[PDB]
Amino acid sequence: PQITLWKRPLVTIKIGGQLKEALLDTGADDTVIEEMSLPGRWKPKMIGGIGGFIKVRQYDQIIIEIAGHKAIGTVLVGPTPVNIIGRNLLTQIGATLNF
């Protein structure tokens, strides 16, 4: 699709069989989702936002659908105020910024 930016670029994602709303974010290096259960082992990570850094759980090779596009990759889980699809998965689904 071509998504303009007059409103937030929110899409539906599916992860763990569940539908969630998330933001397509070219300013995010990684994907971070609100607290949920994911399979496997996780690794520690810090990410930085407008107000400072938070600790998150890094899950690798997680199956996730983004606006109907299937992806498999790293998902961070933690106390983010909004679900964010970052560049690691935007790149995988072929997204570019155009002007």
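Between two forms, the rigid core is defined as the largest C-alpha subset superposing within 1.5 Å. Counting begins at 1, following the sequence as shown.
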RMS Cα shift after core superposition in 5 other deposited structures of this protein, winner of 40 to 48 and 25 to 33: 40 to 48
Of 63 to 71 and 25 to 33, the stretch whose C-alpha atoms average the higher B-factor in the entry: 63 to 71
Chain third (lowest, middle, highest) by recorded CA B-factor, residue given as residue 80: middle
Ranked C-alpha temperature factor of residue 18 among modelled chain residues, by third: highest
Where the record places residue 97 (Cα B-factor, split into thirds across the chain): middle
Third of chain Cα B-factors occupied by residue 57: lowest
Residue 38, C-alpha B-factor rank within chain (lowest, middle or highest third): middle
